[PDB]
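Coming up, as structure tokens: structure 1 and structure 2, two forms of one and the same protein chain.
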Structure 1
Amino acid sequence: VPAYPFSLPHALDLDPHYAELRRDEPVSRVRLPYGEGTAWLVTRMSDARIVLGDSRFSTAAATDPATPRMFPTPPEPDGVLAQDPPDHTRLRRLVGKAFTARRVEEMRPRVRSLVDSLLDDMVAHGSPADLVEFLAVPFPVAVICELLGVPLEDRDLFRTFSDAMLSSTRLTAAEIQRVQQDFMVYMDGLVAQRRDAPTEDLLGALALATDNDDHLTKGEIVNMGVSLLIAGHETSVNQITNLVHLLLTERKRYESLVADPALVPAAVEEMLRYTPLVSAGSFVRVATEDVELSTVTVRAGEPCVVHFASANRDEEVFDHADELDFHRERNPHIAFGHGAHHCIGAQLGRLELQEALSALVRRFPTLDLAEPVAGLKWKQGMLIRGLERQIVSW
């Protein structure tokens, strides 16, 4: 019956029907914009974890044009998220051997160098300043560049490919393609150079990854680096604005970090739990067998959407579920998903948000929102919520 996106997003606010569903119909039929039939909407954490972390669901099945979806275009099946276990598993493994926790934590001194530079320019420009232009946009692209080992001299041209994607950019017809193909050249050229001569960075290590005699192709290393640049940029950008937004606008939260900057990591986790960043939820899962859920049981062709943000507000698992508690002891959120398709960039994402917040706290203990909240330029966040602008004073 009900059309799925129940509403267009206001701010970081949740449509009130997810909570109602969470108590009354945790698993609920809905009709998504496109594709055919209906889908199971999964609102709570228990069911979410089953659906997201059970071998009995497929994401490759949902590349079928007659599967319910959000965009008119269906999904290409060679995309990571759409890939199913045997191959996906091979994939996660190989990049796994390069996108390691160690490499990501070893970014930290460098990444902290970049944030402090960016904030230096913000101080140079004076006392009100658009946090989006000075911090949120450049910071994620610069971090990815550094991780890929994009050579220092032509990152500015990485900056234009990246933010020539974002929710809107040049709008110059579809010759955003003449942006794709000459950049696609670049990556291929770069991937080739490091395959011959590897370096301390993702590409160099994607070049060397192995798994009992198994390889990544020049082609596979291109599709990942790009897939990673796309994914990481617009999300990280928006999330930066979302956290700042939550911290100011209640502004005792920000104070609580100034007073105690050691709380930044716990705060970020808690803020990841709370922010409904992903507005329509996760990539579509299509049950391959019969999986029993909380209240219904799902049969073999029916698709489900897991809504992460509602799972993250499930009052069965989080006390004071709809409040920000930076001192919460237990926080089993799935802001980064779960199971096989758990976010590949989860740690780099935590790195970004830790260093950003901690920098703003050291350097700008007087930070404050410098426009009225009611008027804030929220993106039309069908996919990803975030702010188009964020003026702040100090």
Structure 2
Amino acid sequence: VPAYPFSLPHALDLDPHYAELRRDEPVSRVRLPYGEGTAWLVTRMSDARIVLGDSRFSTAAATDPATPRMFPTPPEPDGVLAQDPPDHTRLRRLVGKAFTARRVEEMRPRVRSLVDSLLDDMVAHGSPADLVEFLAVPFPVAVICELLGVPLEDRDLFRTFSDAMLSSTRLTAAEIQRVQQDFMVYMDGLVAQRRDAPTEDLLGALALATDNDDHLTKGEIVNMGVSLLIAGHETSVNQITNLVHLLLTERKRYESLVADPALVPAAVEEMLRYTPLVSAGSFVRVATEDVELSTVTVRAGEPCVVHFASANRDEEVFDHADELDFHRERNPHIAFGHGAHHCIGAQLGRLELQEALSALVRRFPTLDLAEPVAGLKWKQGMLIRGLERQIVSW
């Protein structure tokens, strides 16, 4: 009967319904915006983990246009989200060898230098300035270029492609396709260059063959490079803005990081959990077999959808879940998702946020929201929450 999403999202607030559903009906039936049929909506942490983690659920199935989904275009079956084991498991195994947490930490110095440069630009502009335009938008795409060892001259081409891939793209041409192909040929050439001469970047590592051993196709590598750019961009850009919003609207929080800069990483985790970056449910999971959740048993062929932010506010798991606490002992949030499809960029997402917050705290202890709160322009049509603009003063 009821439609999902329940209501239009306001700011980063959570719909009061979810909290009711956790208590009264953890697994509810719901009608999604675009597929045919009803689906199950999972609202609690244990259930969410089961749907995400257990092999009895398939994302590949969700590619059927008849299958319910949050977004208008049926999913592309090539998308790594839509990959099912064991082909998906191979991709993850191989890319996971190169995308270590150790490789990400080693980027931190170059990433610090990158934020510093962006902020210097913002100081050149003078207070007050749009933190979106100067920090949130440019920073993630630069970070990903660093990760792919793109030379500085060619980064222009990556920005255009990321902006063109977003559904909100202003240009919205027939030409988008022209950009896509132009970009694709470039990536081809970049991977071929890596095959000819090994580089220390993540493309370089993926290009290497121990030659008695498992490695990716050149075409697989190109496609993976595009996958990493797109997944990492939209989420990161808005997530930066969202953490800053939380920090400044109750400024006691930002002051807490000024006082103790070592608190930043803990704070980032807490804000990842607290922020409903994904306004809607999850990419759909269709049951290959009967599976037993908390309160209901899902029959094979029934579609499930997870709301990550609700799970993150589950009262069983988190004391004062509705409150924002940078001094939690444990924080097992699924802001990055869970199981097979755990965002690969989970470490590079954390790096990006920790480095943006630390830089702000270090260069601007006097940082404050210049735009009035009521004035704030939140993005309206989107799967992902974020501010169109965020004017700040220092």
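By rigid core we mean the largest C-alpha set that fits within 1.5 Å across both forms. Please note that residue numbering is based on structure 1, beginning with 1 at the start of its sequence.
Of the residues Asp116, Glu133, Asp211, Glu255, exactly one exceeds or equals a 2 Å C-alpha shift between structures 1 and 2 once the rigid core is aligned, and that residue is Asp211.
In a rigid-core overlay of the protein, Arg90 has its C-alpha displaced by under 2 Å between structures 1 and 2. Annotation for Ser167: C-alpha shift of 2 angstroms or more between structures 1 and 2, rigid core superposed.
Core superposition places the C-alpha of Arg330 1.4 Å apart between structures 1 and 2.
Relative to the superposed core, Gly381 moves its CA by 5.2 Å between structures 1 and 2.
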